[PDB]
Structures are given as C-alpha cells and as structure tokens.
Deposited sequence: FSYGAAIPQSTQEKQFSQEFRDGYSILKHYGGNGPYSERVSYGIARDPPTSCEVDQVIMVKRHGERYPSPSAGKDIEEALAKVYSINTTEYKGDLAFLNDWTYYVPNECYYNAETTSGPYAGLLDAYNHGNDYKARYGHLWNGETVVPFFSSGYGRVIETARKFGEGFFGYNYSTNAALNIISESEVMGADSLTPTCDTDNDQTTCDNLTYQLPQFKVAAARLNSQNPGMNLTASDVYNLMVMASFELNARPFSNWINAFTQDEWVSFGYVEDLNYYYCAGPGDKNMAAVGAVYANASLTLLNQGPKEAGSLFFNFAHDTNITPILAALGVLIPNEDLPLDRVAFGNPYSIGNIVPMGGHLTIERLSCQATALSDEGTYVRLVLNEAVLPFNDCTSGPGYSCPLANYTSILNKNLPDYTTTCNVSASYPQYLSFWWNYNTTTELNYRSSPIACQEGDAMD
C-alpha cells in the first residue's frame, strides 16, 4: 500500500523534553521542503543553536543531589534495576557546559552532519573560490558547533575558504551582537512542577524504598535522563518514567522558554528585532551585493526571541502554569531542541500561475517550512520580499529603546558587513576550559 495509517511521531520522547535533548526535525505542515518549481534559493541566512551538550554546572549540581538520594540504598529493583550496571555520563564536573562527543546524538557530530547536509543543499551558492566568513557568539560550545558545521560545509577547503568570526556576548557590543542584552517575573516564579511528578515519585519510592525521592528529585532525574541521549544512544532512565510524565516534563520546559525567553516576556520581541531587522537588510540588498551565505551560531535563548520578534508560533494566550495546555504552538521540541535552527531562504522565482516573477522569503525551522502567518501568496506558501519588508518594518519593536541600551554601545549590527577573512579561529588551539562558558576561541 501507498501510505501507512499509523501516526506515531507525537509519542516520541524527543518531542517531550523542552530543549535538553537531541535534535529532531520539526513536525511538518506538509509543505515541500525544496524550492518550488520556477524558483531557486539565491541567499541563505541561518542561526543554529550549539549542538547537544552536557548539563550546565548548576543543573549538574541538582542532578548530582538527586542521584545521591537514589544512591543512598543492595541490588536495585524494578525499573531501576539497570542501576546495578550504570554510570553517570558526565566524565567529570569540568565537562559541564561542553558539547558531547560520543554516541549517535553527539553535539559535534550534529554540527558536522548538518554542514555536510547544507553543502549538498546550498553548495551552488559558493563558487569554490571565495572566502566565506561565518559567525559564532563567544561561548565555548557555540564556537565548537560553528567550527564543526563550517568544516562539514567547506570540507577540503575549510582551512582556507571559511573564516570564523567570533562575536563577544558582552553587552558592550550593544546591537552588534548575536546575543543582545536587555535589562529592565513569572519566569522567576516558575515551580517546574506538575502533578504527574508526584505519580513518578510515588512509583519510584515504592519500587526501591529508602531514597525519599520528591517531585523535585523527579524533575531533576528527568532533566538528567533527557541529557543522557546527548552522550549515549539509549537512556534507560527515560524508561523509568511514563509517557504521561514525559508529556508533563516537556511542558514544564516549554513554560521556561515561553516566560524566560519567549512571548511570555514582552521584551523578547525587541531583543529578537536586532537579528530580524539586520537579516531583512541582507535580503533587501541581495546576494550579489551582501553575500549569499550567512551561517550564524548562538543559543536556544537567542532563537526564541527572533521567532517572537517575527510574530510566529505565538500562543493565543499565555501558557497556564498549573496544567498542560495541549495543542498550543509553543512546543519547544519543535522549536529549539539541541542544535535547532532557523534558516531564512531568499527565493528567486520566475512567474507561476499564482505569482509574479520576483523575490520571495521562505522560513525553515528545523527542516520544516514555517509559513509566515497570513503572508503565503508566493510559491511554496512564501512571502513576497516587499510584503515581508512592510510587515517587519511595521511590527518589529525597537531594541535600544525597549532595552535601555547605553548610547555609547553599538546601536546597530555590523559584523555581517564588517568582518575578517582570516582563518586562525577555525581550529581550536587550547584545551576546553573547566566548564568553559564565555570564550573567544
């Protein structure tokens, strides 16, 4: 038969852990991913989150405390029986914050694979002679992701024809940043708890008495289980919780993004307007003038403000804190999983039975075409560049004003137009610092 009648994607745990675990393709609306007939991509502007990593130091501290309670007791029973032959996956505390480098979901493998992939898809946009600059925010795991992606794309010519430019995450950069700063609630008050965690705590304690696990330990043990895939092919800890518990966990993580780095915080659109507006400039200037390939690397919390700025994936009302709002668009596993990315494709199209010859804008989020709301008149439900321009011009909030940015800091982004072509930053030249975070190499 032609089509399968089973539809099981929704059950995947990959779509139920916020952005802690492995990358996954965003659920598609059914729109063909390749350029519509009569069109071709003439410019690409992408922002990819660092790949799969180890937990952060604070998350690791909490995971360790929960594991201490687990470990305070003879041979394990029930769903925790695997614990009799199991070792925590973080080599040592200095690895917290770093990209993973083992298993099918390794973060560096993610970046490399994505680069090789984009080479086939957009190779036609590089003549094999030009030196292409690529950009990374100044943070270890992000830089390492950028490096492996660039190496995947440029391959044999990575050393000579790709030029890594690292942009400081310091606020001093103002709007000339991949990680804009904004200074002057619900986010601070999140409990990270939902009733299903009580069921898990009760079930775990009952199978192996003596751990005194709370709903809070459950939350951290699930954070732990979701990060395990980033370093290993399978996680037995994932199996110690139920499908319904994972559904609640993913939602707890969705709330964090929504309120701390999304539409739940009204200043996020202004932060995301920096990239939204600067990229609009590149689209309007065109590939011949500005360049055809812009590969950017940053964090999950830098992509969500862009989506907010663009007005896409905006829940109709703020997400409720005490229950799962099923079906809302803010499903983080389809927005910013490890290695997630927003790719803006500029399409050069000839006339079609539904559109005039011209330039169109197409958005792709994690391999799935994301229609620009009601602007879907061009080929493949794209948006005519002129309409796209009026929409952003009319709706993007002002960054410096909204964010009280010092008049002495750069007021607009320049790196896409003012960059270096040297290749010294392409390869790492020093060990990964202990829990390395901010970095410029």
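Colleague: Checking coverage: what stretches of the deposited chain sequence are missing C-alpha positions?
Modeller: Deposited residues absent from the model fall in 1-13, 87-88, 200-203.
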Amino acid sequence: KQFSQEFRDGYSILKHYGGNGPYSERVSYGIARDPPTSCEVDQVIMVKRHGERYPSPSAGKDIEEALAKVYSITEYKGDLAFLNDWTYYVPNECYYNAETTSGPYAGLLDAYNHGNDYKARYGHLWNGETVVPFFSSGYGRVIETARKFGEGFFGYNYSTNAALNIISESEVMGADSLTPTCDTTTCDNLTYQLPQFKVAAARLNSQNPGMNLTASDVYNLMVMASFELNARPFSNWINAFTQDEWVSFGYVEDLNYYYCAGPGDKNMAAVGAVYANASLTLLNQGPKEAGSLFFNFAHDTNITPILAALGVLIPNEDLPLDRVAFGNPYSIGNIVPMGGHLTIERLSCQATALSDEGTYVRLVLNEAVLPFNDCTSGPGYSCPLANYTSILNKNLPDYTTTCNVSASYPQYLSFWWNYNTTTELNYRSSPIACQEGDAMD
From here on, numbers count along this sequence of modelled residues.
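Colleague: With respect to the recorded C-alpha B factors, which stretch has the higher mean value, 187-195 or 153-161?
Modeller: Higher of the two, by average CA B-factor, is 187-195.
Colleague: Going by the B-factors listed in the PDB entry, is the mean over the C-alpha atoms higher for 222-230 or for 82-90?
Modeller: Between 82-90 and 222-230, it is 82-90 that shows the higher mean C-alpha B-factor.
Colleague: From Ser292, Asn334, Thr242, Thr74, can you pick the one with the highest C-alpha B factor in the entry?
Modeller: Answer for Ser292, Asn334, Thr242, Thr74: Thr74, with the highest C-alpha B-factor.
Colleague: Looking at the C-alpha B-factor values in the deposited entry, which of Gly51, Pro397, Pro379, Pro55 comes out highest?
Modeller: Answer, based on the entry's C-alpha B-factors: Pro397.
Colleague: Can you tell me whether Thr423 has a C-alpha B-factor in the lowest, middle or highest third compared with the other modelled residues of the same chain?
Modeller: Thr423: CA B-factor falls in the lowest third of its chain.
Colleague: Comparing against every modelled residue in the chain, figure out the third that the C-alpha B-factor of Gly107 lands in (lowest, middle or highest).
Modeller: As the PDB entry reports it, the C-alpha B-factor of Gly107 lands in the lowest third of its chain.
Colleague: When the deposited Cα B-factors of this chain's modelled residues are ordered and cut into thirds, is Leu354 in the lowest, the middle or the highest one?
Modeller: For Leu354, whose C-alpha B-factor we compare with every modelled residue in the chain, the answer is the middle third.
Colleague: Grab the CA temperature factor for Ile45 from the record and place it in the lowest, middle or highest third of its chain.
Modeller: For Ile45, whose C-alpha B-factor we compare with every modelled residue in the chain, the answer is the middle third.
Colleague: Taking the entry's C-alpha B-factors for this chain, is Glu436 in the lowest, middle or highest third?
Modeller: As the PDB entry reports it, the C-alpha B-factor of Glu436 lands in the middle third of its chain.
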